[PDB]
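Listed next as structure tokens is one chain, alone, in the form deposited without the named molecule.
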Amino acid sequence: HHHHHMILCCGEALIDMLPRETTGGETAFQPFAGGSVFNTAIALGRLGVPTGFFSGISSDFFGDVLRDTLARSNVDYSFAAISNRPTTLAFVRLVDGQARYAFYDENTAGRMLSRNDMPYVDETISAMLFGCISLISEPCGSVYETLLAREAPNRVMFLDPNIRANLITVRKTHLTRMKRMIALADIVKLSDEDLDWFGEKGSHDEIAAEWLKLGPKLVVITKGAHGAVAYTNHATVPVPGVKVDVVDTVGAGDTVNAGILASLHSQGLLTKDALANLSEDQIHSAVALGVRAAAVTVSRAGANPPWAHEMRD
């Protein structure tokens, strides 16, 4: 009965433009489907969760790449708003030792979203997910914030404040905005790197405790190779990392999101009441699935999350 309820992901869908060598031996940019909320919808799709995607998607050929990717991962993107504006591009370049970024998001299909584009949300939507860059950008951010505010009292809200300082150099109004978004979330997952960008005092375990009093019932901090720690009002759950050979980490965190949600969905715990009474074991299963799933992704030039027929054992 809970099994057919949908998780509706709301946020950015973009193209990661990553440097590769041509056969001629020179630098080119290879287009990958991407975006944190997008990547999470894909991973939820591949895990067999009924998944929706609300966003602004272009009708150009890059938009085509995104819709094709969603469709092949069984994500329902009928919610999405299609226009003739271009697709967001995120450029990564290697200069000497380090990466440099260029964010091409002028007048895009994603950025120029409108209140009128807001989707109808009925009782078959058990949970919704929001991300950082789309919530912070203007004018689309106003739309997603509105949507989050409206449905927060009705449904499970998952928030991933993935700070991308490299894409958009972050300021206070961004940390200010994100902070007042946290209040509206039931589940919050962020990396230890993300949490540091918030200027808050104390231990990581201490910060999590403050946020649990702000409305979230579950806070998850991810620690790269070292796995993650999950915090609620009833427990703290360390989950060890998994050793694997890493090609890259694009979309790794997004897969963690998906595993946590898929497990809770599967366990039939995606209600506000059930999240308030999670046992230690239920928390561990969710975060562990998240970690296992991300193990696969980092292996093969992700964002390329695992199908559920992968991870079979």
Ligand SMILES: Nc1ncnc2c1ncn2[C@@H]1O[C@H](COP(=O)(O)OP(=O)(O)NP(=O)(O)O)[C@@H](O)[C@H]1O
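The first residue of the sequence shown is number 1, and the count goes up from there. Here the rigid core means the biggest group of C-alpha atoms that line up within 1.5 Å when the two forms are laid on top of each other.
If you average the C-alpha B-factors over 99 to 107 and over 76 to 84, the higher value belongs to 99 to 107. Higher average CA B factor: 296 to 304, of the stretches 12 to 20 and 296 to 304. The maximum CA B-factor among the listed residues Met157, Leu89, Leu94, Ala230, taken from the PDB record, is found at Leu94.
Comparing the listed residues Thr27, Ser58, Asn39, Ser55, the entry records the largest Cα B-factor for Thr27. Placement of the Cα temperature factor of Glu206 within the chain: highest third of the modelled residues, per the deposited record.
Ranked by C-alpha B-factor against the other modelled residues of its chain, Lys189 falls in the lowest third. When the modelled residues of the chain are ordered by their C-alpha B factor, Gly215 lands in the highest third. For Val250, the recorded CA temperature factor ranks within the highest third of the chain's modelled residues. The entry lists a Cα temperature factor for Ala43 that places it in the lowest third of the chain's modelled residues.
Quick note: we don't show the form solved in complex with the named molecule, though the next part is all about it.
This chain is displayed without the named molecule, yet in the deposited bound form the stretch 218 to 226 from 218 to 226, 171 to 179, 205 to 213, 82 to 90 comes within 4.5 Å of it by heavy atoms. By the criterion of a heavy atom within 4.5 Å, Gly253 is counted among the residues contacting the named molecule in the deposited bound form. The named molecule in the deposited bound form is not approached by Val121, whose heavy atoms all lie more than 4.5 angstroms from it. Contact check for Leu14: every heavy atom lies farther than 4.5 Å from the named molecule in the deposited bound form. The named molecule in the deposited bound form is approached by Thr249, whose closest heavy atom lies within 4.5 angstroms of it.
Interface residue among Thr108, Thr232, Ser191, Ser126, judged by heavy atoms within 4.5 Å of the named molecule in the deposited bound form: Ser191. Annotation for 150 to 184: interface residues with the named molecule in the deposited bound form are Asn162, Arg164 [heavy atom within 4.5 Å]. Once you line up the core between the shown form and the other one, the CA of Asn166 is the only one from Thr236, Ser83, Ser73, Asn166 that shifts by 2 Å or more.
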